[PDB]
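Below: one structure, written as structure tokens.
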Amino acid sequence: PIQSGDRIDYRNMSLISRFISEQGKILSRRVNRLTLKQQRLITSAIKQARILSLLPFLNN
Amino acid sequence: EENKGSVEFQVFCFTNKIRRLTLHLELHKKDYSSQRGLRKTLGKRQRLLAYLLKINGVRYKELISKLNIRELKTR
Amino acid sequence: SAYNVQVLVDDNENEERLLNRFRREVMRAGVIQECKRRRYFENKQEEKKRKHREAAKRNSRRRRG
Amino acid sequence: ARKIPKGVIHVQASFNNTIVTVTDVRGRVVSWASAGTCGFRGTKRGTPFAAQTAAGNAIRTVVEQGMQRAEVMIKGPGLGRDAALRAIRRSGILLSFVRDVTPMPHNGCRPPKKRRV
Amino acid sequence: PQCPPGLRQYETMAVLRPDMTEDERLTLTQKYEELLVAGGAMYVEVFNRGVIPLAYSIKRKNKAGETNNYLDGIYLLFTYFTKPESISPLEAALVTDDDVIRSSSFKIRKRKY
RNA sequence: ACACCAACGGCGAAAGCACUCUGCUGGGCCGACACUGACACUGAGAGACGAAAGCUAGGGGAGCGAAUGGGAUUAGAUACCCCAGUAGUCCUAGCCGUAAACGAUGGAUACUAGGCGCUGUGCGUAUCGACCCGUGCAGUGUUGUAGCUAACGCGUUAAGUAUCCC
Ligand SMILES: [Mg+2]
Ligand SMILES: [Mg+2]
Ligand SMILES: [Mg+2]
Ligand SMILES: [Mg+2]
Ligand SMILES: [Mg+2]
Ligand SMILES: [Mg+2]
Ligand SMILES: [Mg+2]
Ligand SMILES: [Mg+2]
Ligand SMILES: [Mg+2]
Ligand SMILES: [Mg+2]
Ligand SMILES: [Mg+2]
Ligand SMILES: [Mg+2]
Ligand SMILES: [Mg+2]
Ligand SMILES: [Mg+2]
Ligand SMILES: [Mg+2]
Ligand SMILES: [Mg+2]
Ligand SMILES: [Mg+2]
Ligand SMILES: [Mg+2]
Ligand SMILES: [Mg+2]
């Protein structure tokens, strides 16, 4: 069903914001129905983006 | 290229990776994970040498004089 | 500034729907359980207890229903 | 004393008491209401009821200043989290936003131990 | 196509203050391109996306002592091939500048999922 | 000190290792004959590593908090609870070598039903790129047949059937 066909990075914000919560929390693998490999790569990505202020830790 | 499985080539590859590892072990002294590996590989090389000493005396002495390997502990 | 929960009240406002919307926002982020959790200190053991308990609770609630 | 049309209400709900402060967007405090300042003491001071009268008591002075719209700030795990909101509502003042500000460390100062009770 | 001969592939993002002109920006560009090429970079490929509001407010102190609080920012993107040895100074050299508010560099691995 | 991710998930010889990143490096596993040709397994002595508390020397000191002090509670309370709070916790360079250091299970090899799962890869299929399926390995988890056991239980990751060393 849902899948990643495009290279996932910290700069594809559309992608990463799918897998982020309203509060900017990272959603679990069981929810996102991703292979473990994927999920890890997402996670690190999100953190990197978070540091570069592409996505917020907390909200306004 | 030559024999990549030959005793003498292997012992070389080992002696070389060890003297290489030596610099890293000198710069970062706190890395025990790496040292443990060093001790393992040195063990391997020492084994092969003992083997080779059993099998061929000549090839052995030639080798440890060639690669500057310290003389054996059976003396 | 910062915020955890955002409840914006429109002008259709009545007290109970507002109160419960907010209540489910707090249930949704799990903030009160959170501050009952960080009230005191837990050794790694009560963390593994809490993880197994809560995770397998909501997980077996997902696999039964 | 100061007539301010729109401002913010901070309500801190702790387990032993709830404080309700009223301020304005300039980040300036106008008037506050504590559950202890209403003539409640240690036990009762935590009950959602004392929080109710605390909230009502602040909003008295805020309508006395003639203010209309407000934002609500809720900080802390205690009971008044839900109770105070009600009084904010029935006190007939327009509710703009209701936010939860309870601070969540992302890691940090190691909390006190567990009471063995 | 990209083909490093005994080099590592890299990406680097830099975040700069919004108060900058295009000439000061291109001067920075020029400068860092030169540090890379002076460090043994074959293929310096730079790309720019400027002026986006940040997720959050960041603070940068200057050499003039200014406290600068920002909201927007200038993102510079760098694909380049440098020896693993030479990546060392670059990062600090980016930290040290007052114009560069937030820097980060990543090694790039081939994706296989 | 590193929320969410986090999982009855990952690596590590064990101790342990998690915000992010880069660099130096240790292992692992898999597929191909490319090669050597028994070079194996174990290990008395010996060596290295080895939670936390502890110690020597220099830094550092927010929070927590032995000791200590006050407040209570109690017949008493040198305790539990509360208010304060020093060592210590942190870093550098060392010493100490002990833990329910636990799988309470030394190591290697061979061989003996399955069912349901996961992690890594490989193959064939599915499309010609993500699944998908069936399978080959390598590890990891839960039920359970034979057999074992004083019972509990263990059960291809044995506590089964045998061989070797400590
Ligand atoms: Mg109480
Ligand atoms: Mg393992
Ligand atoms: Mg490696
Ligand atoms: Mg032959
Ligand atoms: Mg011994
Ligand atoms: Mg020692
Ligand atoms: Mg210690
Ligand atoms: Mg002492
Ligand atoms: Mg204290
Ligand atoms: Mg006392
Ligand atoms: Mg204190
Ligand atoms: Mg030490
Ligand atoms: Mg012992
Ligand atoms: Mg024992
Ligand atoms: Mg499937
Ligand atoms: Mg197996
Ligand atoms: Mg079991
Ligand atoms: Mg069983
Ligand atoms: Mg037995």
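Simple scheme: letters A, B, ... for chains in structure tokens order, numbers from 1 for residues in each chain, numbers from 1 for ligands in the order shown.
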
Next on the checklist: List the spatial neighbours of residue 75 in chain E as a PyMOL selection string - criterion: any atom at most 6 Å away, only C-alpha atoms (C1' of nucleotides), same-chain residues fewer than 2 positions off excluded.
Outcome noted: chain E and resi 14-15+49-50

>> as number ranges by chain, please: every protein or nucleic acid residue near ligand 10 (cut-off 12 Å, counting only C-alpha atoms (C1' of nucleotides) and all ligand atoms).
In response: F: 67-72, 77-79, 82-84

Could the residues of chain D within 7 Å of chain C, counting only C-alpha atoms, be given as a JSON list (two decimals) with N, CA and C atoms, in the first residue's frame, please?
```json
[["chain", "number", "residue", "atom", "x", "y", "z"],
["D", 77, "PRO", "N", -0.42, 19.52, 36.56],
["D", 77, "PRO", "CA", -1.13, 18.24, 36.68],
["D", 77, "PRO", "C", -2.36, 18.23, 37.60],
["D", 86, "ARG", "N", -14.32, 25.93, 33.72],
["D", 86, "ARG", "CA", -15.75, 26.13, 33.94],
["D", 86, "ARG", "C", -16.10, 27.54, 34.43],
["D", 89, "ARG", "N", -15.66, 30.14, 31.93],
["D", 89, "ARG", "CA", -16.82, 30.09, 31.04],
["D", 89, "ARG", "C", -18.10, 30.77, 31.59],
["D", 95, "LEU", "N", -14.03, 33.40, 25.40],
["D", 95, "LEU", "CA", -12.85, 32.54, 25.41],
["D", 95, "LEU", "C", -12.22, 32.44, 24.03],
["D", 96, "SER", "N", -11.01, 32.98, 23.90],
["D", 96, "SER", "CA", -10.31, 33.01, 22.62],
["D", 96, "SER", "C", -9.61, 31.67, 22.35],
["D", 97, "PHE", "N", -8.56, 31.39, 23.12],
["D", 97, "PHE", "CA", -7.82, 30.13, 23.03],
["D", 97, "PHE", "C", -7.64, 29.51, 24.41],
["D", 98, "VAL", "N", -7.57, 28.19, 24.45],
["D", 98, "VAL", "CA", -7.22, 27.50, 25.68],
["D", 98, "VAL", "C", -6.01, 26.61, 25.41],
["D", 99, "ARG", "N", -4.89, 26.95, 26.03],
["D", 99, "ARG", "CA", -3.66, 26.19, 25.81],
["D", 99, "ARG", "C", -3.20, 25.49, 27.07],
["D", 100, "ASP", "N", -2.48, 24.38, 26.89],
["D", 100, "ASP", "CA", -1.78, 23.75, 28.00],
["D", 100, "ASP", "C", -0.28, 24.02, 27.95],
["D", 101, "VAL", "N", 0.20, 24.70, 28.99],
["D", 101, "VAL", "CA", 1.60, 25.02, 29.12],
["D", 101, "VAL", "C", 2.40, 24.14, 30.09],
["D", 110, "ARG", "N", 17.38, 15.38, 37.56],
["D", 110, "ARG", "CA", 16.93, 14.13, 38.09],
["D", 110, "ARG", "C", 16.04, 14.40, 39.29],
["D", 111, "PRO", "N", 14.76, 14.00, 39.19],
["D", 111, "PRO", "CA", 13.71, 14.27, 40.17],
["D", 111, "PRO", "C", 14.06, 13.70, 41.52],
["D", 112, "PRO", "N", 13.33, 14.14, 42.55],
["D", 112, "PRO", "CA", 13.43, 13.52, 43.87],
["D", 112, "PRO", "C", 13.10, 12.04, 43.79],
["D", 113, "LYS", "N", 13.46, 11.30, 44.84],
["D", 113, "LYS", "CA", 13.27, 9.85, 44.89],
["D", 113, "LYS", "C", 11.80, 9.50, 45.06],
["D", 114, "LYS", "N", 11.50, 8.23, 45.27],
["D", 114, "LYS", "CA", 10.12, 7.86, 45.55],
["D", 114, "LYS", "C", 9.85, 7.79, 47.05]]
```

For chain F against chain E, which residues fall within 10 Å using only C-alpha atoms (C1' of nucleotides), given as a VMD selection string?
chain F and resid 20 to 23 130

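Minimum distance to chain D across F:163, F:156, F:89, F:149 (counting only C-alpha atoms (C1' of nucleotides)) occurs at F:89.
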
**Surrounding residues as a ChimeraX atom specification, ligand 16, max 9 Å, only C-alpha atoms (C1' of nucleotides) and all ligand atoms** = /F:137-139,156-157

- [ ] Enumerate as a VMD selection string all residues of chain A assigned to alpha helix (DSSP H) by DSSP on the backbone, naming them with the chain letters and numbers the document uses.
- [x] chain A and resid 13 to 18 29 to 32 36 to 51

### Message
Just want the residues within 10 Å of ligand 2, written as a list in words, counting only C-alpha atoms (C1' of nucleotides) and all ligand atoms.
### Response
residues 10, 11, 12, 28, 139 and 140 of chain F

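Considering only C-alpha atoms (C1' of nucleotides) and all ligand atoms, the residues that reside within 10 Å of ligand 12 can be listed as residues 91, 92, 93, 94 and 95 of chain F.
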
Give me, as a tab-separated table, the closest atom pair and its distance (Å, one decimal) for every residue of chain F within a cut-off of 12 Å of ligand 13, counting only C-alpha atoms (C1' of nucleotides) and all ligand atoms, rows sorted by chain and rising number.
```
residue	atom	partner	partner_atom_place_in_ligand_line	distance
F:97	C1'	ligand 13	1 (Mg)	10.5
F:98	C1'	ligand 13	1 (Mg)	7.2
F:99	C1'	ligand 13	1 (Mg)	7.5
F:100	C1'	ligand 13	1 (Mg)	10.8
F:101	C1'	ligand 13	1 (Mg)	8.0
```

With N, CA, C and O atoms (P, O5', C5', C4', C3', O3' and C1' of nucleotides) retained, export the selected residues as a PDB file, in the first residue's frame.
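Saved as part.pdb:
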```
ATOM      1  P     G F  97      41.890  -5.534  44.424  1.00  0.00           P
ATOM      2  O5'   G F  97      40.650  -6.011  43.554  1.00  0.00           O
ATOM      3  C5'   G F  97      39.420  -6.366  44.168  1.00  0.00           C
ATOM      4  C4'   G F  97      38.368  -6.662  43.132  1.00  0.00           C
ATOM      5  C3'   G F  97      38.630  -7.902  42.278  1.00  0.00           C
ATOM      6  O3'   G F  97      37.391  -8.505  41.923  1.00  0.00           O
ATOM      7  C1'   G F  97      38.482  -6.012  40.885  1.00  0.00           C
ATOM      8  P     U F  98      37.186 -10.086  42.079  1.00  0.00           P
ATOM      9  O5'   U F  98      35.850 -10.175  42.927  1.00  0.00           O
ATOM     10  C5'   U F  98      35.869  -9.846  44.303  1.00  0.00           C
ATOM     11  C4'   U F  98      34.827  -8.815  44.659  1.00  0.00           C
ATOM     12  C3'   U F  98      33.378  -9.142  44.325  1.00  0.00           C
ATOM     13  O3'   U F  98      32.793 -10.034  45.276  1.00  0.00           O
ATOM     14  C1'   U F  98      33.877  -6.862  43.812  1.00  0.00           C
ATOM     15  P     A F  99      31.650 -11.105  44.871  1.00  0.00           P
ATOM     16  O5'   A F  99      30.369 -10.200  44.615  1.00  0.00           O
ATOM     17  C5'   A F  99      29.732 -10.189  43.351  1.00  0.00           C
ATOM     18  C4'   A F  99      28.432  -9.435  43.402  1.00  0.00           C
ATOM     19  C3'   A F  99      27.375  -9.868  42.398  1.00  0.00           C
ATOM     20  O3'   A F  99      26.614 -11.000  42.832  1.00  0.00           O
ATOM     21  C1'   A F  99      27.603  -7.525  42.330  1.00  0.00           C
ATOM     22  P     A F 100      26.875 -12.502  42.276  1.00  0.00           P
ATOM     23  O5'   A F 100      25.469 -13.223  42.438  1.00  0.00           O
ATOM     24  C5'   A F 100      24.327 -12.493  42.865  1.00  0.00           C
ATOM     25  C4'   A F 100      23.365 -12.270  41.735  1.00  0.00           C
ATOM     26  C3'   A F 100      23.153 -10.816  41.373  1.00  0.00           C
ATOM     27  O3'   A F 100      22.793 -10.722  40.001  1.00  0.00           O
ATOM     28  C1'   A F 100      21.138 -11.713  42.140  1.00  0.00           C
ATOM     29  P     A F 101      23.451  -9.575  39.102  1.00  0.00           P
ATOM     30  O5'   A F 101      25.005  -9.837  39.283  1.00  0.00           O
ATOM     31  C5'   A F 101      25.639 -10.906  38.615  1.00  0.00           C
ATOM     32  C4'   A F 101      26.491 -10.380  37.502  1.00  0.00           C
ATOM     33  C3'   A F 101      27.350 -11.394  36.783  1.00  0.00           C
ATOM     34  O3'   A F 101      26.621 -12.093  35.792  1.00  0.00           O
ATOM     35  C1'   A F 101      28.638  -9.489  37.304  1.00  0.00           C
TER      36        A F 101
END
```

Protein and nucleic residues near ligand 5, 10 Å, only C-alpha atoms (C1' of nucleotides) and all ligand atoms, as an NGL selection string:
:F and (43-46 or 166)

Q.
Only residues of chain B matter here; which ones have an atom within 6 Å of chain F, counting only C-alpha atoms (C1' of nucleotides)? Give them as an MDAnalysis selection string.
A. chainID B and resid 4:6 33:34 37 51

Produce as JSON, numbers by chain the set of residues near ligand 1, where near means within 12 Å with only C-alpha atoms (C1' of nucleotides) and all ligand atoms considered.
{"D": [14, 15, 16, 17, 41, 42, 43, 44, 45, 46, 47, 78, 79], "F": [82]}

Could you write those residues out with N, CA and C atoms (P, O5', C5', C4', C3', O3' and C1' of nucleotides), as a PDB file, in the first residue's frame?
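The result, written out as selection00.pdb:
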```pdb
ATOM      1  N   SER D  14      -1.386  22.968  40.595  1.00  0.00           N
ATOM      2  CA  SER D  14      -0.527  22.003  41.257  1.00  0.00           C
ATOM      3  C   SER D  14      -1.389  21.143  42.153  1.00  0.00           C
ATOM      4  N   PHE D  15      -0.775  20.161  42.785  1.00  0.00           N
ATOM      5  CA  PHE D  15      -1.569  19.219  43.532  1.00  0.00           C
ATOM      6  C   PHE D  15      -1.999  19.789  44.866  1.00  0.00           C
ATOM      7  N   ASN D  16      -1.255  20.753  45.385  1.00  0.00           N
ATOM      8  CA  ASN D  16      -1.635  21.314  46.669  1.00  0.00           C
ATOM      9  C   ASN D  16      -2.412  22.626  46.621  1.00  0.00           C
ATOM     10  N   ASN D  17      -2.576  23.184  45.429  1.00  0.00           N
ATOM     11  CA  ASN D  17      -3.165  24.511  45.292  1.00  0.00           C
ATOM     12  C   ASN D  17      -3.180  24.898  43.815  1.00  0.00           C
ATOM     13  N   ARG D  41      -7.451  26.405  53.301  1.00  0.00           N
ATOM     14  CA  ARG D  41      -6.191  25.901  53.834  1.00  0.00           C
ATOM     15  C   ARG D  41      -5.922  24.485  53.326  1.00  0.00           C
ATOM     16  N   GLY D  42      -4.821  23.908  53.793  1.00  0.00           N
ATOM     17  CA  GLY D  42      -4.070  22.903  53.072  1.00  0.00           C
ATOM     18  C   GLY D  42      -4.785  21.783  52.358  1.00  0.00           C
ATOM     19  N   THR D  43      -5.648  21.045  53.035  1.00  0.00           N
ATOM     20  CA  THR D  43      -6.428  20.033  52.322  1.00  0.00           C
ATOM     21  C   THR D  43      -7.326  20.649  51.247  1.00  0.00           C
ATOM     22  N   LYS D  44      -8.337  21.389  51.695  1.00  0.00           N
ATOM     23  CA  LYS D  44      -9.355  21.944  50.818  1.00  0.00           C
ATOM     24  C   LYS D  44      -8.739  22.759  49.698  1.00  0.00           C
ATOM     25  N   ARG D  45      -7.528  23.243  49.939  1.00  0.00           N
ATOM     26  CA  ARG D  45      -6.836  24.119  49.007  1.00  0.00           C
ATOM     27  C   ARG D  45      -6.564  23.454  47.662  1.00  0.00           C
ATOM     28  N   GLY D  46      -6.677  22.131  47.624  1.00  0.00           N
ATOM     29  CA  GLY D  46      -6.415  21.417  46.386  1.00  0.00           C
ATOM     30  C   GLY D  46      -7.650  21.041  45.594  1.00  0.00           C
ATOM     31  N   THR D  47      -8.785  21.020  46.287  1.00  0.00           N
ATOM     32  CA  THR D  47     -10.036  20.540  45.710  1.00  0.00           C
ATOM     33  C   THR D  47     -10.448  21.412  44.528  1.00  0.00           C
ATOM     34  N   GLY D  78      -2.535  19.251  38.426  1.00  0.00           N
ATOM     35  CA  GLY D  78      -3.545  19.210  39.472  1.00  0.00           C
ATOM     36  C   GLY D  78      -4.991  19.177  38.991  1.00  0.00           C
ATOM     37  N   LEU D  79      -5.920  19.202  39.946  1.00  0.00           N
ATOM     38  CA  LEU D  79      -7.359  19.055  39.686  1.00  0.00           C
ATOM     39  C   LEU D  79      -8.022  20.247  39.015  1.00  0.00           C
TER      40      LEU D  79
ATOM     41  P     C F  82       8.632  13.399  51.716  1.00  0.00           P
ATOM     42  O5'   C F  82       8.612  14.820  52.420  1.00  0.00           O
ATOM     43  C5'   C F  82       7.439  15.607  52.415  1.00  0.00           C
ATOM     44  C4'   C F  82       7.563  16.726  53.405  1.00  0.00           C
ATOM     45  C3'   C F  82       8.763  17.626  53.217  1.00  0.00           C
ATOM     46  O3'   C F  82       8.513  18.602  52.226  1.00  0.00           O
ATOM     47  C1'   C F  82       8.483  17.087  55.520  1.00  0.00           C
TER      48        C F  82
END
```

Expected answer as JSON, numbers by chain: residues within 10 Å of ligand 17, only C-alpha atoms (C1' of nucleotides) and all ligand atoms: {"F": [103, 141, 142, 143, 154, 155, 157]}

Got time to write the residues from that selection, C-alpha atoms (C1' of nucleotides), as a PDB file, in the first residue's frame?
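Final output, result.pdb:
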```pdb
ATOM      1  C1'   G F 103      19.850 -17.508  31.261  1.00  0.00           C
ATOM      2  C1'   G F 141      11.330 -14.605  20.453  1.00  0.00           C
ATOM      3  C1'   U F 142       6.917 -17.478  21.928  1.00  0.00           C
ATOM      4  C1'   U F 143       3.853 -22.235  22.255  1.00  0.00           C
ATOM      5  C1'   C F 154      13.776 -27.772  29.237  1.00  0.00           C
ATOM      6  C1'   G F 155      12.482 -28.862  24.356  1.00  0.00           C
ATOM      7  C1'   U F 157      19.085 -20.857  21.266  1.00  0.00           C
TER       8        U F 157
END
```

Taken to one decimal, the CA of residue 68 in chain E-CA of residue 8 in chain D distance is 28.1 Å

Note to self: Env of range 55-72 of chain D: 6 Å cut, atoms = only C-alpha atoms (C1' of nucleotides), seq-sep filter 3 positions within chain, self excluded. Answer as a PyMOL selection string.
What the structure shows: chain D and resi 3-9+33+52+84+87+93-98

Written file, previous selection with C-alpha atoms, as a PDB file, in the first residue's frame:
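As written to disk, again-v8.pdb reads:
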```pdb
ATOM      1  CA  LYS D   3      -8.610  49.133  31.675  1.00  0.00           C
ATOM      2  CA  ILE D   4      -7.301  46.527  29.260  1.00  0.00           C
ATOM      3  CA  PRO D   5      -9.674  45.018  26.620  1.00  0.00           C
ATOM      4  CA  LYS D   6      -7.752  41.789  25.844  1.00  0.00           C
ATOM      5  CA  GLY D   7      -5.297  39.863  28.006  1.00  0.00           C
ATOM      6  CA  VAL D   8      -4.355  36.386  29.171  1.00  0.00           C
ATOM      7  CA  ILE D   9      -5.261  34.173  32.118  1.00  0.00           C
ATOM      8  CA  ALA D  33      -6.276  34.913  42.582  1.00  0.00           C
ATOM      9  CA  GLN D  52     -13.670  27.326  41.021  1.00  0.00           C
ATOM     10  CA  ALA D  84     -11.141  26.554  36.653  1.00  0.00           C
ATOM     11  CA  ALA D  87     -15.652  29.331  36.014  1.00  0.00           C
ATOM     12  CA  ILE D  93     -16.132  36.299  29.376  1.00  0.00           C
ATOM     13  CA  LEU D  94     -15.343  35.403  25.776  1.00  0.00           C
ATOM     14  CA  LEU D  95     -12.847  32.542  25.414  1.00  0.00           C
ATOM     15  CA  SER D  96     -10.307  33.005  22.623  1.00  0.00           C
ATOM     16  CA  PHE D  97      -7.818  30.129  23.031  1.00  0.00           C
ATOM     17  CA  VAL D  98      -7.224  27.498  25.679  1.00  0.00           C
TER      18      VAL D  98
END
```

- Task: Would you list the contacts of residue 21 in chain B as number ranges by chain, taking every protein, DNA or RNA residue within 12 Å and counting only C-alpha atoms (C1' of nucleotides), but skipping same-chain residues closer than 2 positions in sequence?
- Result: B: 14-19, 23-29, 31, 34-39, 41-42; F: 24-26

Writing out the chosen residues with C-alpha atoms (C1' of nucleotides) as a PDB file, in the first residue's frame:
```
ATOM      1  CA  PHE B  14      48.333  -9.780   9.242  1.00  0.00           C
ATOM      2  CA  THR B  15      51.706  -8.312  10.260  1.00  0.00           C
ATOM      3  CA  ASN B  16      50.837  -5.308   8.087  1.00  0.00           C
ATOM      4  CA  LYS B  17      47.292  -4.724   9.419  1.00  0.00           C
ATOM      5  CA  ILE B  18      48.810  -5.000  12.933  1.00  0.00           C
ATOM      6  CA  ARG B  19      51.607  -2.436  12.446  1.00  0.00           C
ATOM      7  CA  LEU B  23      49.232   3.938  15.202  1.00  0.00           C
ATOM      8  CA  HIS B  24      45.523   4.044  16.093  1.00  0.00           C
ATOM      9  CA  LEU B  25      46.259   2.216  19.375  1.00  0.00           C
ATOM     10  CA  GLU B  26      48.882   4.923  20.082  1.00  0.00           C
ATOM     11  CA  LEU B  27      46.684   7.928  19.304  1.00  0.00           C
ATOM     12  CA  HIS B  28      43.524   6.730  21.120  1.00  0.00           C
ATOM     13  CA  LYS B  29      44.601   4.644  24.129  1.00  0.00           C
ATOM     14  CA  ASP B  31      39.796   2.238  22.747  1.00  0.00           C
ATOM     15  CA  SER B  34      39.950  -2.159  19.008  1.00  0.00           C
ATOM     16  CA  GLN B  35      42.820  -3.459  21.086  1.00  0.00           C
ATOM     17  CA  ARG B  36      40.847  -6.660  21.747  1.00  0.00           C
ATOM     18  CA  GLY B  37      40.762  -7.175  17.985  1.00  0.00           C
ATOM     19  CA  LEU B  38      44.492  -6.491  17.728  1.00  0.00           C
ATOM     20  CA  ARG B  39      45.191  -9.177  20.253  1.00  0.00           C
ATOM     21  CA  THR B  41      44.652 -10.954  14.947  1.00  0.00           C
ATOM     22  CA  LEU B  42      48.134 -11.166  16.481  1.00  0.00           C
TER      23      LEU B  42
ATOM     24  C1'   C F  24      40.158   6.901  13.360  1.00  0.00           C
ATOM     25  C1'   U F  25      38.991   1.916  14.108  1.00  0.00           C
ATOM     26  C1'   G F  26      37.062  -3.526  16.172  1.00  0.00           C
TER      27        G F  26
END
```

A straight line from CA of residue 26 in chain E to CA of residue 45 in chain A spans 28.9 Å
